[PDB]
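S.K.: What follows is target-v2.cif; its format and atoms are mmCIF, N, CA and C atoms.
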data_input
#
loop_
_atom_site.group_PDB
_atom_site.id
_atom_site.type_symbol
_atom_site.label_atom_id
_atom_site.label_comp_id
_atom_site.auth_asym_id
_atom_site.auth_seq_id
_atom_site.Cartn_x
_atom_site.Cartn_y
_atom_site.Cartn_z
ATOM 1 N N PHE A 667 -5.925 -4.797 -16.861
ATOM 2 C CA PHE A 667 -4.712 -4.400 -16.111
ATOM 3 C C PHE A 667 -5.045 -3.314 -15.084
ATOM 4 N N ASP A 668 -5.974 -2.413 -15.414
ATOM 5 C CA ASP A 668 -6.376 -1.369 -14.438
ATOM 6 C C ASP A 668 -7.038 -2.048 -13.240
ATOM 7 N N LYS A 669 -7.828 -3.085 -13.506
ATOM 8 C CA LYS A 669 -8.497 -3.822 -12.410
ATOM 9 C C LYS A 669 -7.422 -4.488 -11.555
ATOM 10 N N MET A 670 -6.400 -5.041 -12.204
ATOM 11 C CA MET A 670 -5.314 -5.734 -11.465
ATOM 12 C C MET A 670 -4.548 -4.701 -10.635
ATOM 13 N N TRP A 671 -4.322 -3.506 -11.187
ATOM 14 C CA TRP A 671 -3.564 -2.460 -10.450
ATOM 15 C C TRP A 671 -4.386 -2.011 -9.246
ATOM 16 N N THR A 672 -5.679 -1.780 -9.467
ATOM 17 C CA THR A 672 -6.576 -1.348 -8.369
ATOM 18 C C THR A 672 -6.450 -2.337 -7.213
ATOM 19 N N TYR A 673 -6.434 -3.628 -7.540
ATOM 20 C CA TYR A 673 -6.302 -4.664 -6.490
ATOM 21 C C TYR A 673 -4.899 -4.606 -5.882
ATOM 22 N N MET A 674 -3.872 -4.731 -6.713
ATOM 23 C CA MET A 674 -2.489 -4.823 -6.175
ATOM 24 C C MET A 674 -2.125 -3.626 -5.297
ATOM 25 N N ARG A 675 -2.486 -2.416 -5.709
ATOM 26 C CA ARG A 675 -2.036 -1.226 -4.936
ATOM 27 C C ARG A 675 -2.728 -1.180 -3.565
ATOM 28 N N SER A 676 -3.833 -1.904 -3.390
ATOM 29 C CA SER A 676 -4.558 -1.819 -2.094
ATOM 30 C C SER A 676 -4.489 -3.143 -1.324
ATOM 31 N N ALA A 677 -3.881 -4.170 -1.917
ATOM 32 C CA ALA A 677 -3.836 -5.491 -1.252
ATOM 33 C C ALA A 677 -3.035 -5.420 0.049
ATOM 34 N N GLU A 678 -3.523 -6.105 1.080
ATOM 35 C CA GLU A 678 -2.800 -6.145 2.376
ATOM 36 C C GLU A 678 -2.764 -7.604 2.822
ATOM 37 N N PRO A 679 -1.615 -8.150 3.263
ATOM 38 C CA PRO A 679 -0.335 -7.439 3.225
ATOM 39 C C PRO A 679 0.113 -7.094 1.798
ATOM 40 N N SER A 680 1.130 -6.240 1.687
ATOM 41 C CA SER A 680 1.612 -5.800 0.356
ATOM 42 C C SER A 680 1.919 -6.996 -0.544
ATOM 43 N N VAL A 681 1.542 -6.864 -1.809
ATOM 44 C CA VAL A 681 1.836 -7.950 -2.778
ATOM 45 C C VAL A 681 3.128 -7.598 -3.510
ATOM 46 N N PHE A 682 3.728 -6.460 -3.173
ATOM 47 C CA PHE A 682 4.972 -6.039 -3.864
ATOM 48 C C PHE A 682 6.189 -6.608 -3.132
ATOM 49 N N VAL A 683 7.270 -6.828 -3.877
ATOM 50 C CA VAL A 683 8.491 -7.429 -3.275
ATOM 51 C C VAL A 683 9.697 -6.536 -3.560
ATOM 52 N N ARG A 684 10.722 -6.618 -2.715
ATOM 53 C CA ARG A 684 11.918 -5.748 -2.866
ATOM 54 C C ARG A 684 12.827 -6.249 -3.994
ATOM 55 N N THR A 685 12.904 -7.564 -4.178
ATOM 56 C CA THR A 685 13.797 -8.112 -5.226
ATOM 57 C C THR A 685 13.099 -9.243 -5.970
ATOM 58 N N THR A 686 13.598 -9.560 -7.158
ATOM 59 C CA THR A 686 13.023 -10.671 -7.950
ATOM 60 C C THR A 686 13.077 -11.944 -7.110
ATOM 61 N N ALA A 687 14.213 -12.195 -6.460
ATOM 62 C CA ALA A 687 14.387 -13.437 -5.674
ATOM 63 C C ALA A 687 13.287 -13.522 -4.619
ATOM 64 N N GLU A 688 12.909 -12.379 -4.058
ATOM 65 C CA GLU A 688 11.864 -12.352 -3.011
ATOM 66 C C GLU A 688 10.534 -12.787 -3.623
ATOM 67 N N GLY A 689 10.239 -12.309 -4.827
ATOM 68 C CA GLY A 689 8.985 -12.694 -5.494
ATOM 69 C C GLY A 689 9.002 -14.172 -5.812
ATOM 70 N N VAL A 690 10.147 -14.677 -6.274
ATOM 71 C CA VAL A 690 10.260 -16.114 -6.639
ATOM 72 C C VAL A 690 10.052 -16.960 -5.382
ATOM 73 N N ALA A 691 10.675 -16.568 -4.274
ATOM 74 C CA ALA A 691 10.534 -17.350 -3.028
ATOM 75 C C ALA A 691 9.091 -17.272 -2.522
ATOM 76 N N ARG A 692 8.459 -16.105 -2.641
ATOM 77 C CA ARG A 692 7.051 -15.967 -2.197
ATOM 78 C C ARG A 692 6.173 -16.898 -3.033
ATOM 79 N N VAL A 693 6.429 -16.972 -4.331
ATOM 80 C CA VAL A 693 5.654 -17.929 -5.162
ATOM 81 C C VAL A 693 5.943 -19.328 -4.635
ATOM 82 N N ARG A 694 7.224 -19.666 -4.475
ATOM 83 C CA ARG A 694 7.594 -21.055 -4.085
ATOM 84 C C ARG A 694 7.041 -21.441 -2.708
ATOM 85 N N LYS A 695 6.857 -20.483 -1.803
ATOM 86 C CA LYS A 695 6.435 -20.867 -0.431
ATOM 87 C C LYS A 695 4.933 -20.652 -0.239
ATOM 88 N N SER A 696 4.238 -20.086 -1.227
ATOM 89 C CA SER A 696 2.801 -19.757 -1.005
ATOM 90 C C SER A 696 1.855 -20.851 -1.500
ATOM 91 N N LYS A 697 2.387 -22.005 -1.907
ATOM 92 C CA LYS A 697 1.536 -23.154 -2.314
ATOM 93 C C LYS A 697 0.552 -22.751 -3.408
ATOM 94 N N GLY A 698 0.912 -21.783 -4.248
ATOM 95 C CA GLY A 698 0.031 -21.445 -5.381
ATOM 96 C C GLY A 698 -0.973 -20.374 -5.014
ATOM 97 N N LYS A 699 -0.869 -19.823 -3.800
ATOM 98 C CA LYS A 699 -1.777 -18.725 -3.370
ATOM 99 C C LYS A 699 -1.126 -17.380 -3.701
ATOM 100 N N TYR A 700 0.044 -17.407 -4.339
ATOM 101 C CA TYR A 700 0.701 -16.151 -4.773
ATOM 102 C C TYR A 700 1.270 -16.347 -6.177
ATOM 103 N N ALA A 701 0.858 -15.475 -7.102
ATOM 104 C CA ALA A 701 1.401 -15.520 -8.476
ATOM 105 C C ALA A 701 2.274 -14.281 -8.616
ATOM 106 N N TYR A 702 3.318 -14.358 -9.428
ATOM 107 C CA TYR A 702 4.230 -13.194 -9.498
ATOM 108 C C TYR A 702 4.278 -12.674 -10.929
ATOM 109 N N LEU A 703 4.106 -11.362 -11.069
ATOM 110 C CA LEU A 703 4.192 -10.745 -12.412
ATOM 111 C C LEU A 703 5.628 -10.268 -12.606
ATOM 112 N N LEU A 704 6.308 -10.850 -13.590
ATOM 113 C CA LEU A 704 7.715 -10.462 -13.834
ATOM 114 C C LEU A 704 8.050 -10.625 -15.307
ATOM 115 N N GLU A 705 9.221 -10.132 -15.687
ATOM 116 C CA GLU A 705 9.550 -10.163 -17.126
ATOM 117 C C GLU A 705 9.755 -11.602 -17.585
ATOM 118 N N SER A 706 9.267 -11.901 -18.787
ATOM 119 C CA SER A 706 9.356 -13.268 -19.361
ATOM 120 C C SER A 706 10.777 -13.823 -19.254
ATOM 121 N N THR A 707 11.779 -12.967 -19.437
ATOM 122 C CA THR A 707 13.190 -13.415 -19.386
ATOM 123 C C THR A 707 13.512 -14.027 -18.023
ATOM 124 N N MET A 708 13.170 -13.324 -16.945
ATOM 125 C CA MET A 708 13.458 -13.858 -15.591
ATOM 126 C C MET A 708 12.594 -15.100 -15.383
ATOM 127 N N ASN A 709 11.325 -15.046 -15.796
ATOM 128 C CA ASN A 709 10.386 -16.184 -15.631
ATOM 129 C C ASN A 709 10.981 -17.414 -16.303
ATOM 130 N N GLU A 710 11.404 -17.278 -17.560
ATOM 131 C CA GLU A 710 11.968 -18.413 -18.343
ATOM 132 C C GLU A 710 13.233 -18.948 -17.681
ATOM 133 N N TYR A 711 14.026 -18.051 -17.114
ATOM 134 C CA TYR A 711 15.272 -18.503 -16.466
ATOM 135 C C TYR A 711 14.936 -19.325 -15.226
ATOM 136 N N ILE A 712 14.076 -18.790 -14.354
ATOM 137 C CA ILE A 712 13.712 -19.482 -13.080
ATOM 138 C C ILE A 712 13.011 -20.805 -13.391
ATOM 139 N N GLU A 713 12.274 -20.852 -14.495
ATOM 140 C CA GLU A 713 11.560 -22.095 -14.880
ATOM 141 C C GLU A 713 12.590 -23.198 -15.138
ATOM 142 N N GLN A 714 13.826 -22.823 -15.468
ATOM 143 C CA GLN A 714 14.862 -23.844 -15.769
ATOM 144 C C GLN A 714 15.780 -24.031 -14.557
ATOM 145 N N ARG A 715 15.337 -23.584 -13.383
ATOM 146 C CA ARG A 715 16.181 -23.701 -12.169
ATOM 147 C C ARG A 715 15.519 -24.605 -11.127
ATOM 148 N N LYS B 716 -12.202 -5.238 21.457
ATOM 149 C CA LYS B 716 -13.013 -6.394 21.903
ATOM 150 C C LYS B 716 -14.483 -6.130 21.558
ATOM 151 N N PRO B 717 -15.326 -7.155 21.326
ATOM 152 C CA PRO B 717 -14.923 -8.576 21.355
ATOM 153 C C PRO B 717 -14.151 -9.145 20.151
ATOM 154 N N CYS B 718 -13.487 -8.296 19.360
ATOM 155 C CA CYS B 718 -12.644 -8.801 18.243
ATOM 156 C C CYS B 718 -13.485 -9.677 17.315
ATOM 157 N N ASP B 719 -14.728 -9.274 17.055
ATOM 158 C CA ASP B 719 -15.615 -10.135 16.229
ATOM 159 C C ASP B 719 -15.825 -9.507 14.850
ATOM 160 N N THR B 720 -15.104 -8.429 14.561
ATOM 161 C CA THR B 720 -15.271 -7.808 13.234
ATOM 162 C C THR B 720 -13.961 -7.854 12.470
ATOM 163 N N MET B 721 -14.062 -7.637 11.168
ATOM 164 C CA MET B 721 -12.843 -7.771 10.350
ATOM 165 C C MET B 721 -12.962 -6.913 9.097
ATOM 166 N N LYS B 722 -11.848 -6.307 8.719
ATOM 167 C CA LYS B 722 -11.798 -5.496 7.488
ATOM 168 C C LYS B 722 -11.470 -6.466 6.360
ATOM 169 N N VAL B 723 -12.284 -6.473 5.310
ATOM 170 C CA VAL B 723 -12.041 -7.425 4.186
ATOM 171 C C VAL B 723 -11.853 -6.675 2.868
ATOM 172 N N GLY B 724 -10.883 -7.128 2.084
ATOM 173 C CA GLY B 724 -10.642 -6.487 0.782
ATOM 174 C C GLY B 724 -9.814 -5.222 0.873
ATOM 175 N N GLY B 725 -9.527 -4.639 -0.283
ATOM 176 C CA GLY B 725 -8.740 -3.402 -0.296
ATOM 177 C C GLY B 725 -9.650 -2.213 -0.099
ATOM 178 N N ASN B 726 -9.061 -1.028 -0.092
ATOM 179 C CA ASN B 726 -9.893 0.186 0.033
ATOM 180 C C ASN B 726 -10.589 0.442 -1.306
ATOM 181 N N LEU B 727 -11.810 0.966 -1.259
ATOM 182 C CA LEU B 727 -12.573 1.237 -2.503
ATOM 183 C C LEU B 727 -12.084 2.549 -3.122
ATOM 184 N N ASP B 728 -11.501 3.436 -2.313
ATOM 185 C CA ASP B 728 -10.954 4.698 -2.875
ATOM 186 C C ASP B 728 -9.771 5.179 -2.040
ATOM 187 N N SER B 729 -9.222 6.340 -2.394
ATOM 188 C CA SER B 729 -8.111 6.939 -1.616
ATOM 189 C C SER B 729 -8.442 8.411 -1.377
ATOM 190 N N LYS B 730 -8.409 8.837 -0.122
ATOM 191 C CA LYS B 730 -8.665 10.267 0.158
ATOM 192 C C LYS B 730 -8.041 10.648 1.494
ATOM 193 N N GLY B 731 -8.426 11.800 2.030
ATOM 194 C CA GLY B 731 -7.761 12.239 3.264
ATOM 195 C C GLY B 731 -8.668 13.041 4.169
ATOM 196 N N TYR B 732 -8.313 13.099 5.450
ATOM 197 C CA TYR B 732 -9.072 13.922 6.414
ATOM 198 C C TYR B 732 -8.331 15.252 6.493
ATOM 199 N N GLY B 733 -9.067 16.350 6.594
ATOM 200 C CA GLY B 733 -8.385 17.644 6.719
ATOM 201 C C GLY B 733 -8.944 18.470 7.856
ATOM 202 N N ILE B 734 -8.137 19.384 8.395
ATOM 203 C CA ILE B 734 -8.653 20.315 9.433
ATOM 204 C C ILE B 734 -9.441 21.364 8.664
ATOM 205 N N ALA B 735 -10.692 21.583 9.058
ATOM 206 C CA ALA B 735 -11.546 22.505 8.280
ATOM 207 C C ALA B 735 -11.758 23.836 8.999
ATOM 208 N N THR B 736 -11.816 24.902 8.210
ATOM 209 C CA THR B 736 -12.077 26.244 8.773
ATOM 210 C C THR B 736 -13.110 26.903 7.865
ATOM 211 N N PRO B 737 -13.871 27.906 8.345
ATOM 212 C CA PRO B 737 -14.811 28.622 7.491
ATOM 213 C C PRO B 737 -14.067 29.213 6.288
ATOM 214 N N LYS B 738 -14.740 29.238 5.143
ATOM 215 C CA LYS B 738 -14.113 29.834 3.940
ATOM 216 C C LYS B 738 -13.553 31.213 4.301
ATOM 217 N N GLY B 739 -12.275 31.433 4.001
ATOM 218 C CA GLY B 739 -11.669 32.754 4.237
ATOM 219 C C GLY B 739 -11.261 32.957 5.681
ATOM 220 N N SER B 740 -11.124 31.872 6.454
ATOM 221 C CA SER B 740 -10.812 32.053 7.897
ATOM 222 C C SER B 740 -9.376 32.548 8.084
ATOM 223 N N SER B 741 -9.169 33.358 9.123
ATOM 224 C CA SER B 741 -7.821 33.890 9.431
ATOM 225 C C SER B 741 -6.901 32.735 9.829
ATOM 226 N N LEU B 742 -7.472 31.648 10.360
ATOM 227 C CA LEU B 742 -6.664 30.507 10.868
ATOM 228 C C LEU B 742 -6.208 29.590 9.734
ATOM 229 N N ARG B 743 -6.760 29.749 8.536
ATOM 230 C CA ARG B 743 -6.465 28.784 7.445
ATOM 231 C C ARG B 743 -4.966 28.569 7.210
ATOM 232 N N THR B 744 -4.165 29.631 7.082
ATOM 233 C CA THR B 744 -2.735 29.444 6.696
ATOM 234 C C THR B 744 -1.922 28.803 7.834
ATOM 235 N N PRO B 745 -1.967 29.323 9.082
ATOM 236 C CA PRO B 745 -1.232 28.733 10.201
ATOM 237 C C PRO B 745 -1.608 27.261 10.415
ATOM 238 N N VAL B 746 -2.900 26.925 10.294
ATOM 239 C CA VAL B 746 -3.324 25.509 10.571
ATOM 240 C C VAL B 746 -2.862 24.600 9.418
ATOM 241 N N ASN B 747 -2.827 25.122 8.187
ATOM 242 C CA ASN B 747 -2.316 24.303 7.064
ATOM 243 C C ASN B 747 -0.826 24.045 7.289
ATOM 244 N N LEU B 748 -0.095 25.086 7.680
ATOM 245 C CA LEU B 748 1.362 24.924 7.933
ATOM 246 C C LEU B 748 1.602 24.013 9.145
ATOM 247 N N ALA B 749 0.761 24.096 10.180
ATOM 248 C CA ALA B 749 0.969 23.282 11.401
ATOM 249 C C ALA B 749 0.783 21.804 11.062
ATOM 250 N N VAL B 750 -0.242 21.495 10.262
ATOM 251 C CA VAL B 750 -0.511 20.085 9.856
ATOM 252 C C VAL B 750 0.693 19.539 9.108
ATOM 253 N N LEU B 751 1.269 20.351 8.219
ATOM 254 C CA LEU B 751 2.501 19.928 7.494
ATOM 255 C C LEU B 751 3.678 19.772 8.467
ATOM 256 N N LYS B 752 3.833 20.676 9.443
ATOM 257 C CA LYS B 752 4.898 20.547 10.480
ATOM 258 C C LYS B 752 4.672 19.266 11.298
ATOM 259 N N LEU B 753 3.432 18.991 11.711
ATOM 260 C CA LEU B 753 3.117 17.776 12.524
ATOM 261 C C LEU B 753 3.321 16.532 11.657
ATOM 262 N N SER B 754 2.961 16.624 10.374
ATOM 263 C CA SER B 754 3.273 15.533 9.420
ATOM 264 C C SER B 754 4.789 15.326 9.386
ATOM 265 N N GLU B 755 5.550 16.363 9.025
ATOM 266 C CA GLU B 755 7.025 16.219 8.875
ATOM 267 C C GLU B 755 7.720 15.789 10.179
ATOM 268 N N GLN B 756 7.173 16.119 11.350
ATOM 269 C CA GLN B 756 7.918 15.723 12.569
ATOM 270 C C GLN B 756 7.463 14.361 13.064
ATOM 271 N N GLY B 757 6.625 13.666 12.299
ATOM 272 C CA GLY B 757 6.225 12.300 12.686
ATOM 273 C C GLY B 757 5.110 12.233 13.719
ATOM 274 N N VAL B 758 4.538 13.372 14.100
ATOM 275 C CA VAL B 758 3.499 13.397 15.168
ATOM 276 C C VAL B 758 2.253 12.627 14.730
ATOM 277 N N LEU B 759 1.872 12.771 13.466
ATOM 278 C CA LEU B 759 0.600 12.157 13.014
ATOM 279 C C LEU B 759 0.729 10.624 13.028
ATOM 280 N N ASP B 760 1.910 10.104 12.688
ATOM 281 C CA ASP B 760 2.117 8.631 12.698
ATOM 282 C C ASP B 760 2.105 8.132 14.151
ATOM 283 N N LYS B 761 2.734 8.884 15.061
ATOM 284 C CA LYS B 761 2.789 8.438 16.473
ATOM 285 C C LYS B 761 1.375 8.405 17.035
ATOM 286 N N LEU B 762 0.571 9.420 16.719
ATOM 287 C CA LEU B 762 -0.792 9.519 17.296
ATOM 288 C C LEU B 762 -1.682 8.412 16.723
ATOM 289 N N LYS B 763 -1.472 8.039 15.461
ATOM 290 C CA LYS B 763 -2.314 6.936 14.944
ATOM 291 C C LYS B 763 -1.900 5.647 15.656
ATOM 292 N N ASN B 764 -0.598 5.431 15.776
ATOM 293 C CA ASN B 764 -0.131 4.210 16.474
ATOM 294 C C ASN B 764 -0.611 4.212 17.927
#
Using the file provided, produce a representation of the structure as structure tokens.

M.R.:
Amino acid sequence: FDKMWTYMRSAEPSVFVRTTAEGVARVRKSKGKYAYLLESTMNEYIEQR
Amino acid sequence: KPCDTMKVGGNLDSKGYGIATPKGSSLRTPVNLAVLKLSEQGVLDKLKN
């Protein structure tokens, strides 16, 4: 996780998103070149949408 | 130009550039305060841009 943080905090463009919906859309539009770390609850909900 | 180089990956560390004076210099306090004033008034961002 420290290795992942080292990468995420310095990644350009920013890998951080303002809202959950923004992260979900970035995953959906990035053709698998963007993975999103989020709480299992939101993940499970979006998986059924 | 010739635009043939590229920055790849994130930064390996995080640090800063500072205005330096001889140890114990009379200018140390005014120059430290001026850098903070130039920071707070947005001068440093304008000059980098």

S.K.: Can you list, as a list in words, the residues that the PyMOL selection byres ((chain A) within 7 of (chain B)) selects here?

M.R.: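 Applying the PyMOL selection byres ((chain A) within 7 of (chain B)) to the structure shown produces residues 673, 676, 677 and 678 of chain A.
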
S.K.: Looking only at helix (DSSP H, G or I) from DSSP on the backbone, list the matching residues of chain A as a VMD selection string.

M.R.: chain A and resid 668 to 676 686 to 695 706 to 713

S.K.: Leaving out residue 747 in chain B and any residue of its chain fewer than 3 positions from it, which residues lie within 10 Å of it when counting only C-alpha atoms, given as a ChimeraX atom specification?

M.R.: /B:733-735,742-744,750-752

S.K.: May I have the selected residues written with N, CA and C atoms, as a PDB file, in the coordinates of the input?

M.R.:
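So the final result, stored in result_34.pdb, reads:
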ATOM      1  N   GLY B 733      -9.067  16.350   6.594  1.00  0.00           N
ATOM      2  CA  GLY B 733      -8.385  17.644   6.719  1.00  0.00           C
ATOM      3  C   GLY B 733      -8.944  18.470   7.856  1.00  0.00           C
ATOM      4  N   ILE B 734      -8.137  19.384   8.395  1.00  0.00           N
ATOM      5  CA  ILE B 734      -8.653  20.315   9.433  1.00  0.00           C
ATOM      6  C   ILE B 734      -9.441  21.364   8.664  1.00  0.00           C
ATOM      7  N   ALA B 735     -10.692  21.583   9.058  1.00  0.00           N
ATOM      8  CA  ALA B 735     -11.546  22.505   8.280  1.00  0.00           C
ATOM      9  C   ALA B 735     -11.758  23.836   8.999  1.00  0.00           C
ATOM     10  N   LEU B 742      -7.472  31.648  10.360  1.00  0.00           N
ATOM     11  CA  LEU B 742      -6.664  30.507  10.868  1.00  0.00           C
ATOM     12  C   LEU B 742      -6.208  29.590   9.734  1.00  0.00           C
ATOM     13  N   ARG B 743      -6.760  29.749   8.536  1.00  0.00           N
ATOM     14  CA  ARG B 743      -6.465  28.784   7.445  1.00  0.00           C
ATOM     15  C   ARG B 743      -4.966  28.569   7.210  1.00  0.00           C
ATOM     16  N   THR B 744      -4.165  29.631   7.082  1.00  0.00           N
ATOM     17  CA  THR B 744      -2.735  29.444   6.696  1.00  0.00           C
ATOM     18  C   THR B 744      -1.922  28.803   7.834  1.00  0.00           C
ATOM     19  N   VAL B 750      -0.242  21.495  10.262  1.00  0.00           N
ATOM     20  CA  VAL B 750      -0.511  20.085   9.856  1.00  0.00           C
ATOM     21  C   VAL B 750       0.693  19.539   9.108  1.00  0.00           C
ATOM     22  N   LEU B 751       1.269  20.351   8.219  1.00  0.00           N
ATOM     23  CA  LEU B 751       2.501  19.928   7.494  1.00  0.00           C
ATOM     24  C   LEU B 751       3.678  19.772   8.467  1.00  0.00           C
ATOM     25  N   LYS B 752       3.833  20.676   9.443  1.00  0.00           N
ATOM     26  CA  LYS B 752       4.898  20.547  10.480  1.00  0.00           C
ATOM     27  C   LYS B 752       4.672  19.266  11.298  1.00  0.00           C
TER      28      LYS B 752
END

S.K.: What does the distance from CA of residue 761 in chain B to CA of residue 745 in chain B come to in Å, to one decimal?

M.R.: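 Straight-line distance from CA of residue 761 in chain B to CA of residue 745 in chain B works out to 21.6 Å.
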
S.K.: Please give the centre and size of the box around range 670-673 of chain A (axis-aligned, containing every atom listed in the file, 4 Å added per side), with values in Å to one decimal and written as lines of an AutoDock Vina configuration file.

M.R.:
center_x = -5.1
center_y = -3.5
center_z = -9.0
size_x = 11.0
size_y = 12.4
size_z = 14.3

S.K.: Pull out every residue that the PyMOL selection byres (((chain A and resi 679-684 and name CA) around 12) and name CA) matches in the shown coordinates and put them as a ChimeraX atom specification.

M.R.: /A:670-671,673-678,685-693,696,699-704 /B:723-725

S.K.: So what do you get for atom C of residue 732 in chain B versus CA of residue 720 in chain B, distance-wise?

M.R.: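 So the answer is 25.0 Å.
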
S.K.: Just the number, please: distance in Å from atom C of residue 740 in chain B to atom C of residue 760 in chain B, one decimal.

M.R.: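 Separation of atom C of residue 740 in chain B and atom C of residue 760 in chain B: 27.7 Å.
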